[PDB]
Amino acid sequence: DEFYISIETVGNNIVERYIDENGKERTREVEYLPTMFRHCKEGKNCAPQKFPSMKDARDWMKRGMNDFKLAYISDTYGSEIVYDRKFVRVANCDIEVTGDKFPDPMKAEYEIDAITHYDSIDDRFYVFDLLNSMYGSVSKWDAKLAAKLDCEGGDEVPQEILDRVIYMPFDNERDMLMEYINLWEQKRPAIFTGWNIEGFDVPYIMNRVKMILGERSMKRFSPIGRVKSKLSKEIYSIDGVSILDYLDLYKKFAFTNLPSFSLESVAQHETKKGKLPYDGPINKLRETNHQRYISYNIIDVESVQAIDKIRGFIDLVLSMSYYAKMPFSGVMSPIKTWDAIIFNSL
């Protein structure tokens, strides 16, 4: 009851997102000067220390921004934090890109044709189906068929999954993308997961939007209007939203030693449920069986929430974060966490 969701900074100012004292998520840009600093931030670290004066903090601020954020939090939430996950919007997507070669996210040359995106608040799987684009036009996915047995041409996607589905077919990619940005705008995720979203999905979505709708549209993913490409790889950061890959969480917090950390292997290992095999060039399954294509896509996206349901990692990130009184992204490393404990301790 009164806790932060995001701590960003713009113009030497703090822009924070939080769930207020009546459960509504609000954002505020504060004018803020920290009261401590750590000289080494201007395997070693150093003890923090209080500024003597508001003049000191002031020319420091003009000279670790992360320590600035750590301080804000401490000043703003000095008491034990009381939080409620029901107030935190965790979303996770999984896209499908049909093309020759392979969908190199950096290049982002093929039209993405499927994006299912769960939302913990609504508890709905917003499915985005592109039935019309370069690799042939295709028919609308069918929820009723999707439920039927494989023997009867059904996909066998369970009902409560199918029941929370919110099908949205599109005539063209521009439109689908343009509407996906909208989903982000009106339902902005505090934490965004998935499985290798950081490696594939996120960058490929940013790169295709950017390439198709152009930069300006791409930054609309960020409520700060800040979406950057970091560099083999390219990962993309979306300010205002903690992008936390469940493949990373799973590898950091679930003692496994699996030969493959594929969605399938992990999901099969965790939920014990699996996906119907498919005798046919999977690389061409949208062409051969788009109905199945869309169901596989929605199964994948629920696998994550299932695994999370079993493992409770999103919950740990929140406990760990609110306790250390640090941004969710630190939980992902001893050093980051330890480094915040060092500062927040004094």
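Heads up: residue numbers just count along the shown sequence, starting at 1.
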For this session: Check the entry and tell me how many residues of the deposited sequence have no coordinates between residue 42 and residue 43: none, 1 to 3, 4 to 9, or 10 or more.
Result: 4 to 9
Problem set entry | Gap size between residue 64 and residue 63, counted in deposited residues that the entry leaves unmodelled | 4 to 9
Problem set entry | Higher-scoring stretch by recorded Cα B factor average, 309-317 or 279-287 | 279-287
Problem set entry | Mean C-alpha B-factor comparison - 234-242 and 252-260, higher one | 252-260
Exercise. Which has the highest CA B-factor per the PDB entry: 116, 137, 222, 193?
Worked result: 137
Exercise. Whose CA atom has the top B-factor in the entry, of 189, 274, 158, 105?
Worked result: 274
Problem set entry | residue 171 CA temperature factor, ranked by third within the chain | highest
For this session: Please place residue 24 in the lowest, middle or highest third of its chain by C-alpha B factor as given in the entry.
Result: highest
Exercise. Split the chain's modelled residues into thirds by Cα B-factor; is residue 96 in the lowest, middle or highest one?
Worked result: lowest
For this session: For residue 147, return the chain-relative third of its C-alpha B-factor as stated in the PDB record: lowest, middle or highest.
Result: highest
For this session: Consider only the C-alpha atoms of the modelled residues in this chain, order them by B-factor as the entry records it, and name the third containing residue 215: lowest, middle or highest.
Result: highest
